[PDB]
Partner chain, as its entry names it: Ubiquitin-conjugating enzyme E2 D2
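Just one chain follows, in the form solved without the partner chain, and it is written as structure tokens.
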């Protein structure tokens, strides 16, 4: 299935994914297109922060769902 990600530029990318992909899997896909490392990625869906160990199905993220990418800086 396809989901969309609102990137740090404000544009929208399309990701090919499976219901059981982890948030970590999605972050790896995002780095390939945008050049942001997973550690600096925070993903938002329906106003909620997504945890690396959980899957798209866990959050009931269906096809054409839109995730928001937000920069995570520490220190």
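Basically, rigid core = biggest C-alpha set you can superpose within 1.5 Å across the two forms. Positions refer to the first chain, counted from 1.
When the modelled residues of the chain are ordered by their C-alpha B factor, residue 27 lands in the lowest third. Compared with the other modelled residues of the chain, the Cα B-factor recorded for residue 51 ranks in the middle third.
When all modelled residues of the chain are sorted by CA temperature factor, residue 5 is found within the lowest third.
When all modelled residues of the chain are sorted by CA temperature factor, residue 12 is found within the highest third. In this PDB entry, residue 20 carries a Cα temperature factor that places it within the highest third of its chain's modelled residues.
Omitted from view is the form solved in complex with the partner chain, to which the following refers.
Contact residues in stretch 38-75 (any heavy atom within 4.5 Å of the partner chain, taken in the bound PDB entry) are 39, 40, 42, 44, 45, 46, 47, 48, 49, 66, 68, 70, 71, 72, 73, 74, 75. With the rigid core aligned between the shown form and the other one, only one of 60, 9, 20, 66 has a CA shift of 2 Å or more: 9.
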